[PDB]
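Below: one structure, written as structure tokens.
Cβ sites come from the backbone with ideal geometry, for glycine too, and all protein chains shown count toward neighbours. Every number in this text was worked out from the coordinates using simple rules, so none of it is lab data.
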Amino acid sequence: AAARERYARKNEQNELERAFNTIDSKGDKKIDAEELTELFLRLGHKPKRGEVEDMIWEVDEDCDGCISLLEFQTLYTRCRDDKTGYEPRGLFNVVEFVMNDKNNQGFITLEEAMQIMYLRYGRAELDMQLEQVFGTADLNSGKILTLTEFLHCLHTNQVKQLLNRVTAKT
Amino acid sequence: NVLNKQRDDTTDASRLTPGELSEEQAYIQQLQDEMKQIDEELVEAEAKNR
Amino acid sequence: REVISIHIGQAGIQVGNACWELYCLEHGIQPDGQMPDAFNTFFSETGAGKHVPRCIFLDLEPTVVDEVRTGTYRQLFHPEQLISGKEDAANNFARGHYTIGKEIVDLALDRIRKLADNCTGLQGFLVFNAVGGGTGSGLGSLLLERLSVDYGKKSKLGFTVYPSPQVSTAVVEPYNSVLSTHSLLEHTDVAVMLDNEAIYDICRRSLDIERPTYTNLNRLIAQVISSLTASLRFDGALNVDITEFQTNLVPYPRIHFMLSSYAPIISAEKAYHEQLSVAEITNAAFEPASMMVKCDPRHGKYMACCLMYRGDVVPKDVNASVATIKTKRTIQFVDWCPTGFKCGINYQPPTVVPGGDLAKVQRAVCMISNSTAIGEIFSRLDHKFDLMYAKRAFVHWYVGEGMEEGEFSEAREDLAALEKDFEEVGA
Amino acid sequence: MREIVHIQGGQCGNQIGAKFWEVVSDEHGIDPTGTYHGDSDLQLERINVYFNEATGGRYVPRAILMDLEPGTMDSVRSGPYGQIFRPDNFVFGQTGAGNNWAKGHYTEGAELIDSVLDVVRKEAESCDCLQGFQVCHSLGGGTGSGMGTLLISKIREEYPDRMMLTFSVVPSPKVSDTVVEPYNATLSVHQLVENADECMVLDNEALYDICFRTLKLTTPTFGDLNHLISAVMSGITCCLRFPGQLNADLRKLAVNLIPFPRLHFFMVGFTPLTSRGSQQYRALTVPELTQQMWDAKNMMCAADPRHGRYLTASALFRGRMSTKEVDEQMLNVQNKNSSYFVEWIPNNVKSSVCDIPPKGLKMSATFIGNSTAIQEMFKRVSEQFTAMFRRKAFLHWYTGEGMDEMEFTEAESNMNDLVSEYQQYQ
Ligand SMILES: Nc1nc2c(ncn2[C@@H]2O[C@H](COP(=O)(O)OP(=O)(O)OP(=O)(O)O)[C@@H](O)[C@H]2O)c(=O)[nH]1
Ligand SMILES: Nc1nc2c(ncn2[C@@H]2O[C@H](COP(=O)(O)OP(=O)(O)O)[C@@H](O)[C@H]2O)c(=O)[nH]1
């Protein structure tokens, strides 16, 4: 399963660099909380009162305040190989959306490419993150991807084993 | 005289019949909505703590 | 908690005269109404030291009411409570239900309302009537109709006197009993039968009174009611309320007819030479020689039974005694019910009134059971009611009052349908 | 330190708890007026588990009385040690259930348990580190079964990570007071299997036979039965109140005694229990205590463990004793009667010792055995319930109040799978 990931990284690196510059609006290397709202407006989604502060808080862990391109690759790699890490993914999603965008409204079938790269998974597992069907396409935006990803992560996180454990029968 | 007596009793009986309280049922409905909102608000916060 | 007791008819308010007599002699109140907190269920307190009973005597004939107005208890009863009409229904169900009833029951209702308003934790009502007459039958059913639409959820303990099979005083009483049961069926929540020949046989054999009048009959009825409300008035080792009988004894919303009995009804001399304990009175409550309705539960099958115990009674032996009854095979319970008993023990013994013929007994049992032998009595009534109805005897009086032939046939088939209902639950 | 609040429901619960607080207060030296008069420092150091100093030596019990009739509450404040409870803790309805489990669980419960929960919440936050909750109730009544049942469900939703005991008497066909006992039992147990942490099965038959043969009493009123039950309940918590050589808290016993999460119904016994004719002729040794402890007739439930096998068993000993005798006695009683113990668990008996006996005795014991014979009781009530339900007798007060048909079918199904999983694990 390594080949999918290595090949994906080999190509997405150049897309990522421009994705970074494009998210920046001041022509610098630092991504301020101010820029994030502008990006969401471009996607067509609205943040909540404290969302941006959490978004900036969780990603940065080598200094405090604004974020830097170095933090951004660290985040990218950790989140990408995060899978069984139970780790934060608040600002990973917005950047992955922007990089996986080339239509400037969202993406349709490319979710599957995202999915296969993360895992082969299943058609039923696809019916989990969203309701896309193989034959039909849809229109999509920023609103419907971030919310569903965020909810899925909350749904997996909740389930744990207390008296939900099940042992082989006698 | 007896007809007037009977008529008053009917008017009293019609007055007594329970009538739906609009100004109060809507309050109950609004209270349940805020209750349900706080439940979903609570589950996200518990997720954050873990 | 409070319960109010209403009395309708000649037999009704005579029964009340024995009950309130027993009550004041139990709680130490003179007939004038003053003591020389458990009395709160029946007496309300004026606040000037005077206690007034929660009851309304009402009937259509002023004779039986006005000896009460001038007996010893002239000052115990509030005047408005003792309602009285001007002319009698005269053993005519229709006359009490449509002609004369329609003027008097509305006065009783706007009275009974402020008795309930003075109460706080009203447990229910309990009514006294004899179905053989016109007042107790006619406006009694009319009063129960209007009581059901007013309260509904509150218990209505009907202690009714059914006509005896063979010993009877009136001749149109078969008509009155069938038409009255037609409405007593779907209104009374818990209806207890009290025949007259059975009480006659108890006073003849047990009390060894060979010349009994109505006084002794009413006396022992008050004793059963006292034994049934002691659990509400006083504290015991295992108590029940009046809402307990609604659930624990009637399996279906139309089978509510209970056989009552009491033990020990013993004269002043047998008690001196005889022994009282819990096991023998648990036995004596079941034998048909001590029942208050001429029927035989040996012919029927029990659904559920109830057992009031009064006096110095511990709970270990009431359990052992009821166990011995179940292991015997003379009486059997319904297949659907594995457990068929509802027991209860209370600390206070039954008090005695001077002038009565009940001895001072150390312990007593009041049994209230439900069975299918009650189906035989209702069928026995149908034979002689249908006997005369076909030839249209005595129908002209009721139909002249304003009724028709329709209600006889439709009431007849309703109680006939009840016969089939009793037979199918017994199987 | 660790604190347990007490909750008594219904008439049976209220009277059981009244004798409980009397016996406990005597152990700690508090007079009926609520002041301290003890001598040893060991009594003053551990009264925070069950009491709160109010003002000037006033120790009030940490208890909550709850029912639907005024007669029980008045009967509590009348008797001695009736003036020690705080009057605010008398959460109290007025109308009554009438042995109708629906009225105790749907009709009258909706207006009382909120008030009960306020007092219970106040008693939980009044202490620092809860050990658990202690509920005494019945299974055949209405106001003890339904009222206490819904209370247990709501409490487990609020404080889930805390222990919970339910001391419950169950009905049996020979001692049959109410008529609808099976309807109440099977639905009540259906809630206990998914809410209570562990339950202690009691019944009145065993209590009657203990007072017949062992105690040899002539007139055993309910005061003596409640006296017996109180000694057992004090025994389960002596470890929290007194130091010893081998302490065992509530959590320690539950995690050690319950091998599977749904199988948490226990059988109880108590030792010593001796009549006044033989209280002089006996000795006080650990083996003498052990045989009278494991006796079949001495179980405080009418379910003979010798009809089945023991899964786990526990012993709580009180008094100055030698731990070698404790351990060797458990080993011997397991080796001779080897077939009566389950096989795929070695050393099925956990034992603990506390150094303070009950007042008036040199040495006592308390047995808590989780056997597999308990399925007899579930079948004994299940068939009676199915017998009644297949003709809908007594159903209109159930279906007319809010239950449907599927609830009784759910009760049978849960009943049937529990007796089936008891049968597998045995
Ligand atoms: N057990 C008992 N029954 C009585 C007593 N007095 C009258 N009865 C019964 O009452 C029946 C007739 O009804 P009554 O109460 O006397 O008269 P009523 O019901 O008011 O009807 P009317 O005569 O029309 O006023 C008779 O069959 C008697 O059996 C009594 O003191 N004790
Ligand atoms: N140990 C004991 N059990 C009792 C006492 N009073 C009643 N019971 C039991 O309670 C059961 C009836 O329950 P009930 O008292 O009506 O419960 P409640 O109405 O919910 O409070 C019977 O099976 C009795 O065995 C008592 O004082 N002591």
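Data for the structure
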{"read-out": "Equivalent ellipsoid semi-axes, segment C:4-129, via Cα gyration tensor eigenvalues times 5, rooted, Å", "value": "26, 16, 12"}
{"read-out": "Pairwise centroid distance, computed over Cα atoms, of segment D:377-403 with segment A:11-74, Å", "value": "64 Å"}
{"read-out": "Ascending count of other beta-carbon atoms within 10 Å, so fewest first, for D:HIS190, C:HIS78, C:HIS7", "value": "C:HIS78, D:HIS190, C:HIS7"}
{"read-out": "Segment C:172-302, relative contact order [Cα under 8 Å, separation at least 6], %", "value": "38 percent"}
{"read-out": "Mean projected area in nm² (Cα convex hull; one quarter of hull surface) for segment D:130-183", "value": "4.0 nm²"}
{"read-out": "Net charge dipole size for segment C:272-427 [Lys, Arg +1 and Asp, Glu -1 on Cβ; Debye, nearest 20]", "value": "880 debye"}
{"read-out": "Within chain C: Cβ-based charge dipole about Cα centre, in debye rounded to nearest 20 (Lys, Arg +1; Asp, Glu -1)", "value": "860 debye"}
{"read-out": "Mean shadow area of chain A over all directions, Cα convex hull, nm²", "value": "13.0 nm²"}
{"read-out": "Order of C:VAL353, C:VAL240, A:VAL98, C:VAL365 - criterion: other Cβ atoms within 10 Å of each residue's Cβ, fewest first", "value": "C:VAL353, A:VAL98, C:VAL240, C:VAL365"}
{"read-out": "Residue exposure sequence - A:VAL159, D:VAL91, D:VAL180 - by fewest surrounding Cβ within 10 Å", "value": "A:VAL159, D:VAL91, D:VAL180"}
{"read-out": "Percent of C-alpha pairs per 10 Å bin, segment D:237-340, short to long", "value": "11, 40, 39, 8, 1"}
{"read-out": "Counting DSSP beta bridges with both ends in the protein assembly as shown, the antiparallel % (nearest 5)", "value": "35 percent"}
{"read-out": "Net charge dipole size for segment C:220-281 [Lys, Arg +1 and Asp, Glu -1 on Cβ; Debye, nearest 20]", "value": "220 debye"}
{"read-out": "Alpha-carbon spread of segment D:309-426, three principal axes, descending order, Å", "value": "60, 37, 17"}
{"read-out": "HN-Hα J in Hz across segment C:133-146 - Karplus 6.51, -1.76, 1.60, θ = phi - 60°, x for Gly and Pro", "value": "x, x, 5, x, 7, x, 6, x, 5, 5, 5, 5, 4, 6"}
{"read-out": "Extent along principal axes [Cα atoms of chain C; Å; largest to smallest]", "value": "60, 59, 43"}
{"read-out": "Area projected by the alpha carbon convex hull of the protein assembly as shown, averaged over all directions, nm²", "value": "59.6 nm²"}
{"read-out": "For C:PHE341, residues with placed amide H under 5 Å, excluding near neighbours", "value": "C:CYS305"}
{"read-out": "3J(HN,Hα) from dihedral phi, segment C:373-379, Karplus parametrisation 6.51/-1.76/1.60, rounded to Hz, x for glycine, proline", "value": "4, 4, x, 5, 4, 4, 5"}
{"read-out": "Under-5 Å amide H pairs with A:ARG89, H placed in peptide plane, nonlocal only", "value": "none"}
{"read-out": "Dipole of segment A:1-43, positive direction: furthest Cα of A:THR37, A:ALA8, A:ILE23, with charges on the beta-carbon", "value": "A:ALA8"}
{"read-out": "Distance between segment D:11-90 and segment C:227-268 - C-alpha centres, whole angstrom", "value": "35 Å"}
{"read-out": "Helical mean residue ellipticity (222 nm; -39500 (n - 2.57) per DSSP H run of 4+; nearest 500) of chain A", "value": "-18000 deg cm²/dmol"}
{"read-out": "Descending principal axes extents, chain D, alpha-carbon based, whole Å", "value": "60, 58, 45"}
